[PDB]
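To begin, one chain is listed below as structure tokens, in the form deposited in one PDB entry.
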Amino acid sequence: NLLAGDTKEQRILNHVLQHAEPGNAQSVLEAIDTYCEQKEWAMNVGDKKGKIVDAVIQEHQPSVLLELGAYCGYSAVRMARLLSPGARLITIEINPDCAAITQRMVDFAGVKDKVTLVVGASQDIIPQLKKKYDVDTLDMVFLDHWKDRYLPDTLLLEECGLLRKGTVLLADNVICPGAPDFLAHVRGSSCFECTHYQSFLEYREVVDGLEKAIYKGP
């Protein structure tokens, strides 16, 4: 049932629970995007950049996906709705209140079986993925957490043997606000082949973009 509606996050979940079709992931995405366009801005990847994320998944067909930063579960629902039977999205969220919302959002959208939500800091969890979460390597990683953590987490994923030839990294917000150290690293390194996707900041007319970086191997 409903939450108190004290926080933006509770009000976003409440709006979905009251105003979206249960079990319909598309209806859920639309309800979040409408509310956030109309009522309260929120840091979801949103519909325009969401379309780019969709395209990346459609092209590369990942089965093992990792997301860094879940928030209210918008991108988790967005990516999971596209996955084939037996695909797995692991999503990491440091804030326990946000994680609780994300699980409710995932369940409501009908994609619970595809999602493994992990409460904790990416730098603590990423070392554990192989041994604790039965990961071999990752097919795709969506980076959309604190932007100063894009670089250290990418290096950590590599250090932990989670990246293979062909692993797709996709990073939100490489323009607004930017993650220049990450961007310099992936573009400058022969270990990554990069593609830039210019777009717009969620719910705004501000220019933004994502970067796709395909790992070439060490």
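We number the residues from 1 along the sequence you see. Here, rigid core means the biggest group of C-alpha atoms that superpose within 1.5 Å across both forms.
What follows is about the form deposited in another entry, which we do not show.
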| item | value |
| --- | --- |
| Rigid core fit then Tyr197 CA moved by 2 Å or more between this form and the one not shown | no |
| Comparison of CA distance in that other deposited form with shown form for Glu205, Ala171, at least 3 Å | closer |
| Cα-Cα trend for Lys212 and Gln128, given that in that other deposited form the distance shifts by 3 Å or more | farther |
